[PDB]
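A.B. asks: before I ask anything, here's the sequence and the deposited coordinates:
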Amino acid sequence: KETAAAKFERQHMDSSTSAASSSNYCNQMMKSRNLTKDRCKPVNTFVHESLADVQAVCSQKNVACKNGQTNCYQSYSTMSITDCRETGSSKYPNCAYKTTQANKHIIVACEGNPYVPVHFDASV
Ligand SMILES: [K+]
């Protein structure tokens, strides 16, 4: 049903804030993006730059992907991200997360026309 590009936006884009707004940000966001739909997804990163700036990474530094595929790119600039990681007391569907705000380079895989992120590979 969902395209890879759309799934990337749903899982990974949040340009409505410049940084995580509270320790509760991940709990809210993982739910609202359907990352707690069938289970508590263990780990997920949200990026807080404009969609234009994130899509632009697909025109930046070409690097290998973790899986050995070739169409990954590392942002030239650091970018505002939030890491959401599940905690020990989490019981589905009351999924509980620790929130960590950071300013990291992102690495994404890109596909399509327009050429846009379809996978979040890592941050550095
Ligand atoms: K992630």
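C.D. replies: Happy to help now that I have it. Numbers count the residues shown, from 1 in each chain.
A.B. asks: show me the contacts for the residue of the chain found nearest the ion.
C.D. replies: Residue nearest to the ion within the chain: residue 45 (3.9 Å; CB to the ion). Any C-beta I mention is one placed from the backbone N, CA and C, and that applies to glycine too. Counting by CB atoms under 8 Å, 6 or more residues apart in numbering, residue 45 touches 12, 81, 82, 83, 84, 106, 120, 123.
A.B. asks: now render the residues you listed as JSON lines, adding secondary structure, distance to the ion and neighbour count.
C.D. replies: Shown next, in JSON lines, are those (DSSP: H, G, I helix; E, B strand; the rest coil; distance: CB to the ion, whole Å; neighbours: other CB atoms under 10 Å):
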{"residue": "12", "secondary structure": "helix", "distance to the ion": "7", "neighbour count": "19"}
{"residue": "81", "secondary structure": "strand", "distance to the ion": "9", "neighbour count": "23"}
{"residue": "82", "secondary structure": "strand", "distance to the ion": "10", "neighbour count": "22"}
{"residue": "83", "secondary structure": "strand", "distance to the ion": "8", "neighbour count": "18"}
{"residue": "84", "secondary structure": "strand", "distance to the ion": "8", "neighbour count": "23"}
{"residue": "106", "secondary structure": "strand", "distance to the ion": "10", "neighbour count": "24"}
{"residue": "120", "secondary structure": "strand", "distance to the ion": "5", "neighbour count": "20"}
{"residue": "123", "secondary structure": "strand", "distance to the ion": "8", "neighbour count": "19"}
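A.B. asks: got a list of what residue 116 touches?
C.D. replies: Residue 116 makes contact with 5, 8, 55, 58, 110 under the criterion CB under 8 Å, 6+ apart.
A.B. asks: redo that, cut-off 6 Å
C.D. replies: 5, 55 (CB atoms under 6 Å, 6 or more residues apart in numbering).
A.B. asks: that'll do, ta.
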